[PDB]
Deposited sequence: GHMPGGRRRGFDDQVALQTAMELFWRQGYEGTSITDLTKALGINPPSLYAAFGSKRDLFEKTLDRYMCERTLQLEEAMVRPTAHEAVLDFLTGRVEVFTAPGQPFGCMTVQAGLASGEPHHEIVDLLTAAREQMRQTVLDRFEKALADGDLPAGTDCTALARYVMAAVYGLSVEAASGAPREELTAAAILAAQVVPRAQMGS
C-alpha cells in the first residue's frame, strides 16, 4: 500500500538501508516476515519501491523522459510525470525533506549522488539539443539545468502542501516553457 511505504521511508530515512533490519520492518509494519515478502518482496525490493514513491531524481523515469526528441519535450514529460507521482503526499520528496533544518548519512550520500546525476543527465540532454538544434545556440545550459531542478523540487513542495492536481499539471506545463524549442 501507501502507509506501509511511508512507514518504510521513516525507517530508512533515520537508519539508512544497511542498518534497517527485516525485524525493524516487520515490527514497524505490524505484519510477519512471510507476509512482508509476499506484499513487498525482499528488503531491497521494498527499499527500491520506497525510492520510487519519494525520490524526485529517480533514474528510470528521468532517462525515460530524456528520450523525447527535443529538450523542451524531454523536460515537459519529466515535469508532468513528476506531478503525477507527487500527487497529496505531505513530506515532499526526499531532497525537499533533506533541505529542512533537522537523514542518515547513507541517505545523504544517496541524495547527493542522485541530485548530481540528475543535473548531469539534464545537461547531457541540453548538449545533444544544441547539436540537434532544438536548443538555441548560446543557451546558458548550466543555468537552465539549475532552473529545471528548482522547478521539480518546487512542484514537489506545492504537491506536498495539497495543491490541486490539474492546477499543478498546468504549472508544470508553464514551467517547461522555459526550455525553448527553436
Chain regions without C-alpha coordinates, deposited sequence numbering = 1 to 12, 100 to 101, 117 to 118, 199 to 202
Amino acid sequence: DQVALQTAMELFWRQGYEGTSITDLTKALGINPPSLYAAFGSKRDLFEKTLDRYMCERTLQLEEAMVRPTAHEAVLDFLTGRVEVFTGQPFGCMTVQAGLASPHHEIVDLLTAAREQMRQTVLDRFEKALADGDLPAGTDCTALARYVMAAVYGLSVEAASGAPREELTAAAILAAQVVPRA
From here on, numbers count along this sequence of modelled residues.
118 to 126 set against 54 to 62, stretch whose average Cα temperature factor tops the other in the entry | 54 to 62
Among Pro33, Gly154, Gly30, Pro136, where is the Cα temperature factor highest, going by the PDB entry?
-> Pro136
Would the CA B-factor of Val85 place it in the lowest, middle or highest third of its chain?
-> highest
Where the record places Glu158 (Cα B-factor, split into thirds across the chain) | lowest
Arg68 by Cα B-factor - lowest, middle or highest third of the modelled chain | highest
